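Before any comments, here is the structure.
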Amino acid sequence: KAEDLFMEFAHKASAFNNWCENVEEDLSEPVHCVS
Amino acid sequence: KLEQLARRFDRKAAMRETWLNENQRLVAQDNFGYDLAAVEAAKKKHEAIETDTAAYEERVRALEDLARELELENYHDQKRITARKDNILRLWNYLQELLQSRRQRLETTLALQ
Amino acid sequence: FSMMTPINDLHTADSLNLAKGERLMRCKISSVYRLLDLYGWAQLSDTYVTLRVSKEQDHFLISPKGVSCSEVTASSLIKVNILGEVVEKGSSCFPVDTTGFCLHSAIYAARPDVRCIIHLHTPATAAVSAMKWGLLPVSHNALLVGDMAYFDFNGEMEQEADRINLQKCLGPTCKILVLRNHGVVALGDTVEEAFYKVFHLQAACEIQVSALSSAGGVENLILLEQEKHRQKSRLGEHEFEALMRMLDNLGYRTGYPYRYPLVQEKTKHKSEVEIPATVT
């Protein structure tokens, strides 16, 4: 089936994109802390 | 430590609020393609957007959880966090309502063709 | 013998706690008060113009209660919170009331892309607010205003549920709100665009009132169709600089920074025997 080949990529692209944004915004915190 | 995580709360909620505004802007406009093929293509693009929004519902829930962390810890400024939290929740509920209306719009256009 | 007050009082204050761009926004909204005072639209303080300083820090600037719009300056403005708590108070020994901020607070909670909200109570705009079919675009200025949203107002919005109906009726993308029997509200990303839209809608309302009086009916008028109507300068950038420049020529110490110089200033005629200037 041709459409299934498009649509499983349609799932995985959004998951990859939001995982990338999650690791984008967990990263930039300056974290000084101590010791 | 708790003031640092409050300032992280502000910095984290900024992106969420801007994104709620941005998909408000893009679900606002309506441009259906001509005839049934383009109409159903727009329908499945809407379902793609609807599957996309459920990904960030989780992040909004994480923002909820770290927001109620403050009131568990009895922060000096409760009103700030509580107001920003439930306004964010209200705006997300409004975006769901607009998505549902947009969907019902497209089943009507599918059904009369 | 003069109403003239220096609108920039930041140097004489030398106090308070400020943001990195706050001291320019203070002068800009003070100038907005001065313009709305000068045209005769408003005289008595009813929390007309509200500005958001930053996207994250909130801390919205409002006018103190009791000071007429003629007497408002840069240092007299008060930085409040979204609920009404005092974040910072300027040099203004007056009791603090944030009741009028509640009208702007849910709009802040609704749309972030707006920074400037201007509320009017002029007789023409309040008559249009009581005008049940609303603004009829029979003039060019009303066509220049754009789209409108209409919201029923019961005079109170402290309630938790009234806010939901307000943000429902405002819509996702609409920058002019018309509260019934309560004047108009204009919505702008910058103070310049909001002021431009305020002026144009006020002119359109003034035209429409005379038109509905003189015609006596809708059928005696002509209405062009909204579908038929359908470098770079921002919507209020060009006019607002001219107004600031003219107030500078009169003498108000407007802190608004000009993007381009006015005059060429051809080089004058120089002599060598000058004492070298300045006091160093």
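Numbering starts fresh at 1 for the residues of each chain in the structure tokens, the chains themselves are lettered A, B, ... in the order given, and ligands are numbered from 1 as they appear.
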
Selection near residue 25 in chain A, 12 Å with only C-alpha atoms, sequence-local residues under 2 positions removed, as a compact mmCIF listing (two decimals) with N, CA and C atoms, in the first residue's frame:
```txt
# COMPACT_ATOMS: atom_id res chain seq x y z
N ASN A 18 9.17 16.87 18.23
CA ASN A 18 8.92 17.30 19.61
C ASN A 18 9.98 16.77 20.56
N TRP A 19 10.60 15.62 20.26
CA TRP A 19 11.72 15.17 21.09
C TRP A 19 12.89 16.13 20.95
N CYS A 20 13.13 16.61 19.72
CA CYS A 20 14.18 17.58 19.48
C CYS A 20 13.92 18.88 20.22
N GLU A 21 12.66 19.34 20.24
CA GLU A 21 12.35 20.56 20.98
C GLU A 21 12.47 20.36 22.49
N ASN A 22 12.11 19.16 22.98
CA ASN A 22 12.30 18.85 24.40
C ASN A 22 13.77 18.90 24.79
N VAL A 23 14.64 18.27 24.01
CA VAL A 23 16.06 18.31 24.35
C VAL A 23 16.68 19.66 23.99
N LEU A 27 18.08 22.08 27.78
CA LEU A 27 19.53 22.16 27.65
C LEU A 27 20.07 23.50 28.14
N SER A 28 19.56 24.61 27.60
CA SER A 28 20.08 25.98 27.75
C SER A 28 20.00 26.54 29.19
N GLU A 29 19.57 25.81 30.21
CA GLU A 29 19.53 26.37 31.56
C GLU A 29 20.96 26.55 32.09
N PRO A 30 21.32 27.74 32.59
CA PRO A 30 22.75 28.05 32.80
C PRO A 30 23.42 27.26 33.91
N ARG B 8 12.70 29.56 36.23
CA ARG B 8 12.50 28.52 35.22
C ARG B 8 11.04 28.29 34.86
N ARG B 11 10.27 31.17 32.43
CA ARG B 11 10.92 30.92 31.14
C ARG B 11 10.30 29.74 30.39
N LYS B 12 9.82 28.73 31.11
CA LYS B 12 9.19 27.58 30.47
C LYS B 12 7.80 27.92 29.95
N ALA B 13 7.01 28.67 30.72
CA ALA B 13 5.66 29.02 30.31
C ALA B 13 5.63 30.01 29.16
N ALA B 14 6.72 30.77 28.95
CA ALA B 14 6.76 31.70 27.83
C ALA B 14 6.54 31.01 26.48
N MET B 15 7.27 29.91 26.22
CA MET B 15 7.12 29.21 24.94
C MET B 15 5.73 28.64 24.78
N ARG B 16 5.17 28.08 25.86
CA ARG B 16 3.84 27.49 25.80
C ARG B 16 2.81 28.53 25.42
N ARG B 59 3.46 18.06 27.51
CA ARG B 59 4.35 19.08 28.05
C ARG B 59 3.59 20.08 28.90
```

Would you list which chain C residues are within 7 Å of chain B using only C-alpha atoms, as a PyMOL selection string? chain C and resi 56+109+111+172-173

When you get a sec, could you note down which chain A residues fall within 8 Å of chain B, using only C-alpha atoms, as a compact mmCIF listing (two decimals) with N, CA, C and O atoms, in the first residue's frame?
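What follows is the written file result_33.txt:
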```
# COMPACT_ATOMS: atom_id res chain seq x y z
N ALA A 10 4.58 9.96 8.69
CA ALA A 10 3.77 11.05 9.24
C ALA A 10 3.67 10.96 10.76
O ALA A 10 3.69 12.00 11.44
N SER A 14 6.67 13.84 13.61
CA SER A 14 6.22 14.71 14.69
C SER A 14 6.85 14.31 16.02
O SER A 14 7.21 15.17 16.83
N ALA A 15 6.98 13.00 16.27
CA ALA A 15 7.62 12.52 17.49
C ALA A 15 9.08 12.95 17.54
O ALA A 15 9.56 13.41 18.59
N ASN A 18 9.17 16.87 18.23
CA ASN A 18 8.92 17.30 19.61
C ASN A 18 9.98 16.77 20.56
O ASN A 18 10.27 17.42 21.57
```

Can you tell me, as a PDB file with C-alpha atoms, in the first residue's frame, what residues are no more than 10 Å from residue 15 in chain C when counting only C-alpha atoms, ignoring any on the same chain fewer than 3 positions away?
```
ATOM      1  CA  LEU C  10      13.649  59.931  34.785  1.00  0.00           C
ATOM      2  CA  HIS C  11      16.797  61.976  35.407  1.00  0.00           C
ATOM      3  CA  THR C  12      15.384  63.900  38.378  1.00  0.00           C
ATOM      4  CA  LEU C  18      13.653  49.371  36.159  1.00  0.00           C
ATOM      5  CA  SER C  75       7.925  58.863  36.928  1.00  0.00           C
ATOM      6  CA  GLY C  90       6.581  55.655  41.220  1.00  0.00           C
ATOM      7  CA  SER C  91       6.775  59.048  42.898  1.00  0.00           C
TER       8      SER C  91
END
```

As a PyMOL selection string, please: the residues near range 138-148 of chain C (cut-off 7 Å, only C-alpha atoms, same-chain neighbours under 2 positions excluded). chain C and resi 136+150+174+176-177+197+200-201+203-204+222-224

Grab the residues selected above and save them as a PDB file, in the first residue's frame with C-alpha atoms.
```pdb
ATOM      1  CA  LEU C 136     -21.568  50.566   9.651  1.00  0.00           C
ATOM      2  CA  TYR C 150     -18.801  42.763  19.765  1.00  0.00           C
ATOM      3  CA  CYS C 174      -9.253  40.722  16.222  1.00  0.00           C
ATOM      4  CA  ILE C 176     -10.867  46.134  17.904  1.00  0.00           C
ATOM      5  CA  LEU C 177     -13.387  45.261  20.626  1.00  0.00           C
ATOM      6  CA  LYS C 197      -6.431  52.753  15.086  1.00  0.00           C
ATOM      7  CA  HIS C 200      -9.185  56.366  12.801  1.00  0.00           C
ATOM      8  CA  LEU C 201     -12.051  54.667  14.643  1.00  0.00           C
ATOM      9  CA  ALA C 203     -13.002  59.775  13.222  1.00  0.00           C
ATOM     10  CA  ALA C 204     -15.170  57.022  11.722  1.00  0.00           C
ATOM     11  CA  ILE C 222     -24.587  54.107   0.602  1.00  0.00           C
ATOM     12  CA  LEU C 223     -22.425  51.267   1.923  1.00  0.00           C
ATOM     13  CA  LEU C 224     -19.519  49.897  -0.090  1.00  0.00           C
TER      14      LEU C 224
END
```

Let me make sure I understand: among C:159, C:233, C:267, C:30, which one has the smallest atom-to-atom distance to residue 9 in chain C if we use only C-alpha atoms?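 Ranking C:159, C:233, C:267, C:30 by distance to residue 9 in chain C, first place goes to C:30.
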
For the helix (DSSP H, G or I) assignment from backbone DSSP, which residues of chain A qualify? Please present them as a PyMOL selection string. chain A and resi 2-25

Dump as a compact mmCIF listing (two decimals), in the first residue's frame, selection limited to C-alpha atoms:
```
# COMPACT_ATOMS: atom_id res chain seq x y z
CA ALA A 2 1.36 3.40 -1.02
CA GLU A 3 -0.47 5.50 1.59
CA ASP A 4 0.75 3.48 4.59
CA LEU A 5 4.33 4.25 3.51
CA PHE A 6 3.60 7.96 3.82
CA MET A 7 1.64 7.78 7.04
CA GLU A 8 4.08 5.91 9.31
CA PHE A 9 6.60 8.62 8.45
CA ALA A 10 3.77 11.05 9.24
CA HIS A 11 3.70 9.63 12.78
CA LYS A 12 7.44 9.45 13.35
CA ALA A 13 8.33 12.94 12.05
CA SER A 14 6.22 14.71 14.69
CA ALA A 15 7.62 12.52 17.49
CA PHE A 16 11.18 13.28 16.36
CA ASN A 17 10.39 17.01 16.11
CA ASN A 18 8.92 17.30 19.61
CA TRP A 19 11.72 15.17 21.09
CA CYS A 20 14.18 17.58 19.48
CA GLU A 21 12.35 20.56 20.98
CA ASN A 22 12.30 18.85 24.40
CA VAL A 23 16.06 18.31 24.35
CA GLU A 24 16.42 21.85 22.98
CA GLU A 25 14.68 23.41 25.98
```

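Note that the spacing between CA of residue 3 in chain C and CA of residue 250 in chain C amounts to 12.4 Å.
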
With only C-alpha atoms as the counted atoms, please give the residues lying no more than 12 Å from residue 220 in chain C, apart from itself and same-chain residues fewer than 6 positions off, as a PyMOL selection string. chain C and resi 138+211-214

Give me a file of those residues, with C-alpha atoms, as a short mmCIF file (atom, residue, chain, number, x, y, z; two decimals), in the first residue's frame.
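Done, and the output landed in out-v6.cif:
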```
data_model
loop_
_atom_site.label_atom_id
_atom_site.label_comp_id
_atom_site.auth_asym_id
_atom_site.auth_seq_id
_atom_site.Cartn_x
_atom_site.Cartn_y
_atom_site.Cartn_z
CA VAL C 138 -20.15 53.89 5.18
CA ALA C 211 -24.50 60.41 8.95
CA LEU C 212 -27.14 58.52 10.94
CA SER C 213 -28.53 61.82 12.22
CA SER C 214 -28.73 63.47 8.80
#
```

I'd like the contact shell of residue 7 in chain C - 7 Å cut-off, only C-alpha atoms, skipping same-chain residues fewer than 3 positions apart - returned as an MDAnalysis selection string. chainID C and resid 30 73:74 252:254

Export of the given selection (N, CA and C atoms) as a CSV table (one decimal), in the first residue's frame:
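The file below, selection_3.csv, is the result:
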```csv
chain,number,residue,atom,x,y,z
C,30,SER,N,3.3,57.8,28.5
C,30,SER,CA,3.1,59.2,29.0
C,30,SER,C,2.7,60.1,27.8
C,73,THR,N,3.1,62.0,34.2
C,73,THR,CA,4.5,62.1,33.8
C,73,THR,C,5.1,60.7,33.7
C,74,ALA,N,6.4,60.6,33.4
C,74,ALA,CA,7.1,59.4,33.3
C,74,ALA,C,7.2,58.7,34.6
C,252,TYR,N,7.9,70.0,25.2
C,252,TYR,CA,7.8,68.8,26.0
C,252,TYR,C,9.0,67.9,25.8
C,253,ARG,N,9.6,67.5,26.9
C,253,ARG,CA,10.8,66.7,26.9
C,253,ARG,C,10.5,65.2,26.5
C,254,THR,N,10.0,65.0,25.3
C,254,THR,CA,9.6,63.7,24.9
C,254,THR,C,10.9,62.8,24.7
```

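For the pair CA of residue 105 in chain B and CA of residue 37 in chain B, the interatomic distance is 16.1 Å.
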
Quick one: distance from CA of residue 113 in chain C to CA of residue 189 in chain C in Å, one decimal?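 Straight-line distance from CA of residue 113 in chain C to CA of residue 189 in chain C works out to 5.9 Å.
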